[PDB]
Structure formats: structure tokens, C-alpha cells
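Listed here are the chains, written in short residue letters.
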Amino acid sequence: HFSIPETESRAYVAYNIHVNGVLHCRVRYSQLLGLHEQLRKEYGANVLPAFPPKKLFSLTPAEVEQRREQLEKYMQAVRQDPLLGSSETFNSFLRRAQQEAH
Ligand code: NA
């Protein structure tokens, strides 16, 4: 359902969310972090899946790539959650970001 195949550049890294194998929306780590925090507020740190850590230096390809897997797993985990998957803040976030992909 949710997947993260490719990435991008320029200065920052972006993540191409594919819904059912087609492009869906493009987002950066800070945006997902923002999202995760809107969720932790309102639902509590319990219940929420684990979110990939901040970094203090720019990202090695291996890192970018690893952070890709972990954001991938995270989005799926939230979408699968009865409580989270149907949340307003999650779904509105999806809508806005999709509408954002030019
Ligand atoms: Na960022």
C-alpha cells in the first residue's frame, strides 16, 4: 500500500511516497517529524511507532538510504493502526501533501 522507492535532492533530501506503486507525494524528514509530533501530542508517545532519529551532520548515502527504510516502515505502521490510520491529522496530512506534489 505505502512504499518509499526513490529519493531526491537540493538544500535537502526528499522522499517519494508511492501509494500502490504510483507516485503520491514528496516530503522531507522535518515534515514527517512535524507530523509525528502532532501525533504524539493528541495521542501520546505510547501507541505511536518508533520514529527515526535526528542527525547532527549531513547524510551518507548509506544513512539516507537507511532513513528511507525506517520512514517507509513508519508510515506503513501508522496507516495500519486502527486508531492512527483513521486520524484526522494523519489523513489531512496525506491529502495536503498529495495536493502539494504539483
Ligand atoms: Na529535512
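Residues numbered from 1 in each chain as written, not as in the entry; some residues may be left out. Heavy atoms only, no water. Residues with missing side-chain atoms left out of burial classes, pairs and counts.

- Method-wise, the PDB entry is recorded as coming from X-ray crystallography, at a reported resolution of 2.800 Å.

1. Re the overall build of the protein
- Tallying secondary structure elements over the protein gives 4 helices and 3 strands in all.
- Along the protein, helices (α) and strands (β) appear in the sequence β-β-β-α-α-α-α when read from the amino end.
- The C-alpha radius of gyration computed for the protein amounts to 13 Å, which stays within 12% of the reference 13 Å derived for 102 residues, consistent with globular compactness.
- Structurally, the protein occupies a C-alpha span of about 35 × 30 × 20 Å along its principal axes. (Helix = DSSP H or I, 4+ residues; strand = E, 2+ residues; numbered from the N terminus. Rg over C-alpha atoms; globule rule 2.2 N^0.38 Å.)

2. Focus on the UniProt feature "binding site: a 1,2-diacyl-sn-glycero-3-phospho-(1D-myo-inositol-3-phosphate)" in the protein
- In the numbering used here, UniProt assigns the feature "binding site: a 1,2-diacyl-sn-glycero-3-phospho-(1D-myo-inositol-3-phosphate)" to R28, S30, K54 and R67. These annotated residues cover 40 residues of sequence, and their C-alpha atoms lie no more than 12.4 Å from one another, placing them together at a single site.
- Tracing the sequence through the fold places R28 in strand 3 (residues 22-28).
- Not counting residues up to four positions away in its chain, the partners in contact with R28 are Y12, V13 and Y15.
- Relative to the assigned elements, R67 resides in helix 2 (residues 61-80).
- A relative accessible area of 10% means that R67 is categorised as buried.
- In contact with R67, not counting residues within four places along its chain, are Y15, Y29, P53, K54, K55 and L59. (UniProt positions renumbered as here; feature names shortened; annotations may be inferred. Contact = heavy atoms within 4.5 Å. Buried < 20%, exposed > 50% of the residue type's maximum accessible area, 1.4 Å probe, protein only.)

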